[PDB]
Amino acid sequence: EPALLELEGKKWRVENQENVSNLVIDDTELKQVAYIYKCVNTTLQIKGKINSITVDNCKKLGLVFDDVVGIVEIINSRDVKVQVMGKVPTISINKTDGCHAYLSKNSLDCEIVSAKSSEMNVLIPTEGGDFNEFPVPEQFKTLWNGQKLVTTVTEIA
């Protein structure tokens, strides 16, 4: 119903966007943050280094960014494509279903945090004109050892 993209204080208000493939945040400063909310079937690109990014309640979203200081957080969303062109220390995928983290040749140390999520794939680029896909686990096994709970990752390899 409503629709806006604007810098409110220090944060980018990318809200209620519905079917827009050419969406670019060109002017940027380390200080600034981004909050993408209620975007359905839209593609967005943040150019430059910024503090942090959050994606809340987005359906079929696609985000490309250059560099991040803090974290990129994908929350209560579905079918989200996220990509680094530069560096990103952490990618958090929380209560989201279908999330494709396309990393960059620098973001290879990127920590992918997951919680209440599914269909998560970490895309690692090769020198072959493509990316190799790798699924993120989503089921876990806790045991009573006699002194403490021991939780192990239910592998897909």
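Don't overthink the numbering: it's just position in the shown sequence, from 1.
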{"property": "126-134 versus 111-119 - greater average Cα B-factor per the deposited record", "result": "126-134"}
{"property": "144-152 or 8-16, whichever carries the higher mean Cα B-factor", "result": "8-16"}
{"property": "Top residue by Cα temperature factor, when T54, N41, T96, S92 are compared in the entry", "result": "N41"}
{"property": "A101 - Cα temperature factor, lowest/middle/highest third of chain", "result": "lowest"}
